[PDB]
Each structure stands twice: as C-alpha cells, then as structure tokens.
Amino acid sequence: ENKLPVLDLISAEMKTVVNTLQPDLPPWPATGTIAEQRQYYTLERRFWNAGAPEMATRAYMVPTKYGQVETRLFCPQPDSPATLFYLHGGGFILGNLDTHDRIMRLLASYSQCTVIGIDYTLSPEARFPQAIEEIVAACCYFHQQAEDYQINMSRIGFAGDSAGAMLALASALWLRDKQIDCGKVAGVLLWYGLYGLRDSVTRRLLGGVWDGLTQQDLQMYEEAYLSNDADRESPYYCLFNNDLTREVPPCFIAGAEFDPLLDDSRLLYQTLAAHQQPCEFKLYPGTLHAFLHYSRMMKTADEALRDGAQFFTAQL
C-alpha cells in the first residue's frame, strides 16, 4: 500500500538474481509442513551454493544441555590465527549448514581462519534462548578441547546473516554478561541482522513477497522463536535493551539498501559509535535482504564477504 516499489529500485545485478528460474524445483509449499518447507529451502539453496571453495572439512557432534549439536569445521590452512563461528540465517525456522555452505567456505578462504558452522536447533521445536545456549556450549566445548580438535581458540569471532547475525551478537553479549571466557572475542560480523526494533522507517517502507519480510511475516517468525511474550524485552532478543555502551567487541555491520531490517543495522551502528565502541558500517547499494548467498552472480555479495573477512583479520 504505502511501500516503496522495491522491485523497480533494486540494482540490475540484484534483479538478475531475483529473475533467475530454477526449473527443476517444485513450487514453494506455502501450505506444506514446516518439514517440507525446510526441504524445499535446502533444495532451492543448492544452486546458489555451487562452486564453493574446496578445502578440508570436518564434522563433529558436540555436547549441549539440550543434547548433541552438529558442527562443521572448514580449515583453509594449517596455522589459523583464530576461529570464526558462523550462525546461519533463515528466520530461526529454516536453514542449516548446507544452505550456507558457500558463504562459510568463502569466509574461510578470505580470512584464512578456521570457520565453524553451528547447526543450532531450529524453531518452533526450539524456543529462545535455546539456540544461543547451544552456541555458547559449542564454543566453550571447542575452547576446552582446542588441542584435540587442532584449532586455535585463543581468539574467536561470531559471524552470521539475518537471524544468524542476531545470534552472533547475542552470543557475544551472553559471553560478556555471564563472565564466560571461551576465547577472546576479537570481532563480530553482522550481515543484515535484526536486533529488536519493533517498527522503524525501513520496516514501514520496505518488505514484501520478494523477501518474506512484511510486518506479518516478521510477527510469524517472532511467534515461532519466543516461548513467552515477556521474552520480547529480553536483552538477548531485543539487544537494544542490553547495555551497548561498553565492552562490545569490534562489529562489522553490513546493511542491505532495500531491506526493512536496515534500520536495525543503522541503530546498532549509531549506538555503538556514540559510545565509542569499535565498529564499522557499510551499506551495500541496490540489495535485498539475504543477498550474501549470491556471491557467484553478484559482485556486491562477494564484496560483502571479503569486507567482513577483512574486518575480522584486521582485529588480529
């Protein structure tokens, strides 16, 4: 109704992606089970993940108080200076280590750090703060067992896209606030995340069927993730209710121009900068939310990967 004509305003590069047909796929099951929707997502993501760098990969199950969680280690080189944990997006209800395969492999290539993807339990089966607890547990397990796994856990980082960016910064804040040391958090890489705004200029202007980010869609994802309405205000969900004026690790904040969540990125950055916390913001012109997946076809997506990777290594 009052929204911007986003499909006309996106870049010609972004449009080539949006207009790409995958003719071998069924239609999107908007009335199937969550289990079917997850399967479709995994199938549809495969084409975008093709051509990923080839490198040494290892999969391990790690213990958590909620049971074992799968992890995948991508090891570019034998003397990694740090370990980067990667939390994938998908609205908390979709996505896995395969949907984000190419992103995690390129991050490893461009950083020359070990990248560890965490297969956190999705919602609605898991509810807040379960994923964050699983991530912290995994991190802490790897830190205790670093020698056995052959990884450098002296310096770590958290990285993620969309809902995974929320998990990335919430994990770093959880570690800080609970006085948990599972390695020095050298940096956090946050591509088009959301951090607890309930409304904003960008949420009003943007969002539609092309990105699955209408007000209604956002309420749906919140309803799946939270168990109690009181959790809306938790400082590990509404991160703006946490104290962002001190002791935040260096954050690289990437905004998508035509994403309703962009203001979440601008508020985090403006908050951090006003309180002299180390950060950088960069807007990627012409993009929709979720663009990091499109690095093979979009120079802007590969640039965003390079930029985060390089921000991380600049902290080491």
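So that there is no doubt, residue numbering starts at 1 and follows the sequence shown.
Peer 1: Check the entry's C-alpha temperature factors for 142 to 150 and 110 to 118, then say which stretch has the higher mean.
Peer 2: Mean B over CA atoms: larger for 142 to 150.
Peer 1: Select between 93 to 101 and 188 to 196 the stretch whose C-alpha atoms have the higher average B-factor in the entry.
Peer 2: Here the higher of the two C-alpha B-factor means belongs to 93 to 101.
Peer 1: From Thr71, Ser162, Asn228, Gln130, which pick has the Cα B-factor that tops the rest in the entry?
Peer 2: Reading the PDB entry, the winner on C-alpha B-factor is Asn228.
Peer 1: Given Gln277, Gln270, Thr57, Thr287, identify the residue with the highest C-alpha B factor in the PDB entry.
Peer 2: Result of the comparison over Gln277, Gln270, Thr57, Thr287: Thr57.
Peer 1: Should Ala52 be placed in the lowest, middle or highest third of its chain by the C-alpha B factor in the entry?
Peer 2: Middle third of the chain for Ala52's C-alpha B-factor.
Peer 1: Please place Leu25 in the lowest, middle or highest third of its chain according to the CA B-factor in the PDB entry.
Peer 2: Highest third - that is where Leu25 ends up once the chain's C-alpha B-factors are sorted.
Peer 1: Divide the modelled residues of the chain into thirds by Cα B-factor and specify which third, lowest, middle or highest, holds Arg203.
Peer 2: Its C-alpha B-factor belongs to the lowest third of this chain's values.
Peer 1: In terms of the CA temperature factor given in the entry, to which third of its chain does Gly212 belong: lowest, middle or highest?
Peer 2: Highest third, going by the recorded CA B-factors of the chain.
Peer 1: Going by the recorded CA B-factors, say which third of the chain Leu305 sits in, lowest, middle or highest.
Peer 2: Bottom third by C-alpha B-factor.
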